[PDB]
């Protein structure tokens, strides 16, 4: 007896690939997206059809691709990673920058915040990790081995412990996500390999095959599901118990079976009831869970 993901509409406004989506718990009606068009967009979500949402504010300043973005728990502040080797801290409401973070020398690929909002963990394309103060000061710079993936963390300035978990994963293509409770971590390999790893228990669990080159991963914050953006569609796996819940492929009426856009970013709703996917065609598509 099964649930289902149902295509809800769409969200246009970007000119380039939608490379990252971000959600906020304090603001369920707010979505943040980053794009190769060098901007981020904040979205007012109405839940209508098909205008699921509508642009609110454009965030400009990055001189090149924005690869990653994230929101504070309250939705008040956004963080972005760019190919201009910079990170910016944004005022969500006013769309202006409060802090540049300079120092990475490879394209910047990921960003996260420690719950305390005190510090920022960023990730480079060469796999270099930097830990910053909210004031834009780089405190530590960490670089693991190529055949390893990691989870850099900041335990709760005169001082700070940082715990870094390393996990051997030979084929890894450096595409990671941590489970809501940060108890699980999914790591994408070659040919669609997705290795799952238990952090609290310190061992792998199994390896899934999304069967095609994985571009993005995102755990459900409510259910035991992992969504994987594939060149071929979005696969949503049930983790316990293991089944493949659904394979979200939209129709692209205007495209040939070959040149079909694909999802390159994923994000679940604060209530894990909505799945956002950013696409190779500049569009954000939205599924909802039904029965």
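Positions refer to the first chain, counted from 1.
The gap between residue 156 and residue 157 holds 10 or more unmodelled residues of the deposited sequence. When the two stretches 43-51 and 245-253 are set side by side, the higher mean Cα temperature factor goes to 43-51.
Here 126-134 and 187-195 are compared by their mean Cα B-factor, and 187-195 comes out higher. You'll see in the entry that, of 217, 204, 164, 143, the Cα B factor peaks at 204. If you compare the C-alpha temperature factors of 210, 176, 102, 121 in the entry, 210 comes out highest. For residue 73, the recorded CA temperature factor ranks within the highest third of the chain's modelled residues.
Annotation for residue 148: C-alpha temperature factor in the middle third relative to the rest of the modelled chain, per the entry.
The entry lists a Cα temperature factor for residue 117 that places it in the highest third of the chain's modelled residues. For residue 240, the recorded CA B-factor ranks within the highest third of the chain. Only modelled residues enter the ranking. Residue 264 sits in the lowest third of its chain by CA B factor, as recorded in the PDB entry.
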